[PDB]
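These notes are about the structure you will find just below.
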Amino acid sequence: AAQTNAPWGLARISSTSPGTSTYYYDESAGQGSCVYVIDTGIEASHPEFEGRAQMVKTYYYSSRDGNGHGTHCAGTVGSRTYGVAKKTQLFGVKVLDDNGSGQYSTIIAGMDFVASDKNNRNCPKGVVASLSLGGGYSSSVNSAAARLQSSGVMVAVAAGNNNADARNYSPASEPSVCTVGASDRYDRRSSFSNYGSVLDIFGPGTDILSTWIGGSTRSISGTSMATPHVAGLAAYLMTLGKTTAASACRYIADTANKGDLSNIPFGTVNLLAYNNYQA
Ligand SMILES: [Ca+2]
Ligand SMILES: [Ca+2]
């Protein structure tokens, strides 16, 4: 399959080189996989989700995404137009309030929730969780992310937007998950992207067009935008049977475009998520 005039990030993950416009992907498109978007919620009614999104848990008064961030990230995972894995199932877990903020206890609870809830879902190709969030280092947040991964969920987490070593942020600093840095359309590390030894992979994160609340779209930037590219890619690859939740991060790193990025500090991987699609 080929989506013409795709968002640059989708084109980038299906190319060895920057600057293309078409997103090439196997038509399986993540069908049979499930991705939990642990964030401000998902506006499931957005037409771009085609009925494939649903809220499954909220830690606030409503499950509505009153912010947009979660909807955006979900769209990068799996919306029709903006998504990596265009046929995946999206499950929203609202751990962040409508200002985009959440207490660590709530974020932890939401991770534990996913680890359990997945057992009630039909996800034959496997389960991913996309965590476009983070704060300062917290062993308990890291341990929750590690538990989620151990439970059999491919956990992708944002590296953070502090232009610093992700070792001081959580869940970015949890080794066992897939910690995602952000790049721009010119294959530079995004100016805000954290870096460091704990990064596993980079994905497009600067000026990412996706869904937004109110049935809208908008382009925003962040490691939060890079993370769902990787989450979606994992779902896609798992549907293709190329990898499993346990191994998807390593598989994505092993099959990534290597050395394409600039402004990568010594000690940080120079690996950009790539679907290796061949028509
Ligand atoms: Ca290249
Ligand atoms: Ca890791």
Side-chain angles (χ1 to χ4, degrees), residues 34-41 56-60 69-70 73-74 77 91-97 100-121 123 126-162 164-182 193-203 222-224 226-228 230-231 234-235 238 243-253 267-269:
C34 297
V35 185
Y36 286 83
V37 181
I38 303 173
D39 209 292
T40 67
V56 298
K57 179 69 185 177
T58 181
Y59 291 90
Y60 300 90
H69 188 263
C73 296
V77 177
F91 296 133
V93 178
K94 180 172 171 62
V95 301
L96 304 179
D97 70 20
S101 306
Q103 297 300 276
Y104 270 170
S105 51
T106 297
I107 290 157
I108 290 163
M111 306 182 228
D112 290 325
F113 170 84
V114 172
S116 179
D117 184 73
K118 70 165 189 313
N119 305 125
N120 316 322
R121 309 291 170 183
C123 302
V127 181
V128 180
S130 187
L131 286 67
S132 291
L133 51 74
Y137 176 85
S138 166
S139 58
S140 57
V141 169
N142 277 187
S143 166
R147 284 193 303 276
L148 182 56
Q149 177 72 47
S150 166
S151 80
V153 173
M154 201 269 191
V155 180
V157 312
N161 300 333
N162 316 97
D165 199 311
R167 72 200 291 170
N168 287 329
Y169 299 94
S170 285
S173 56
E174 170 45 39
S176 68
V177 301
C178 205
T179 298
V180 184
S193 181
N194 283 351
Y195 50 81
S197 50
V198 72
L199 270 66
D200 297 278
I201 190 67
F202 281 80
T223 57
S224 283
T227 301
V230 170
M238 285 155 72
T243 192
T244 62
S247 64
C249 189
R250 285 281 83 44
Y251 180 87
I252 288 167
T268 300
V269 293

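For reference, positions follow the sequence shown, starting with 1.
Closest approach of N142 to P171, counting heavy atoms only: ND2-CA, 3.4 Å. Closest of all the heavy-atom pairs between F91 and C123 is CE1-SG, 4.1 Å. Pairing each heavy atom of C178 with each of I201, the nearest pair is SG-CG2, 4.0 Å. Closest approach of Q149 and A246 over heavy atoms only: NE2-CA, 3.9 Å.
Put simply, the side chain of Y59 never gets that close to the backbone of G102: no donor and acceptor are under 3.5 Å apart. Side chain of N162 to backbone of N194: no donor-acceptor contact under 3.5 angstrom is found. The backbone N or O of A158 lies less than 3.5 Å from no partner atom in the side chain of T223, so there is not a single donor-acceptor pair. A donor-acceptor contact shorter than 3.5 Å links the side chain of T40 to the backbone of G70.
A donor-acceptor contact under 3.5 angstrom links the side chains of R147 and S143, judged on distance only.
Listed by chain and residue number, nothing satisfies the salt bridge (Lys or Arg N to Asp or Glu O under 4.0 Å) test with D97 (two or more places apart in sequence, or in another chain). In terms of the side chain to side chain donor-acceptor pair (under 3.5 Å) criterion, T179 has no residue partners (sequence neighbours excluded). Remark: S140 engages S138 in a side chain to side chain donor-acceptor pair (under 3.5 Å) (not counting sequence neighbours). In this view, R167 satisfies the salt bridge (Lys or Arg N to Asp or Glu O under 4.0 Å) rule with no residue, not counting sequence neighbours. Taking the side chain to side chain contact (heavy atoms under 4.5 Å, CB included) definition, one finds that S247 meets it with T243, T244, sequence neighbours left out.
A cation-pi arrangement is not found for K118 relative to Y36, the charged atom failing to lie both closer than 6.0 Å to the ring centre and inside a 45° cone about the ring normal.
For residues 148-158, the set of pairs meeting the salt bridge (charged side-chain N to carboxylate O under 4.0 Å, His left out) definition, not counting sequence neighbours, is empty.
Each of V56, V37, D39, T58 was scored for a side-chain contact (heavy atoms from CB on, under 4.5 Å) with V93, with one residue passing: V56.
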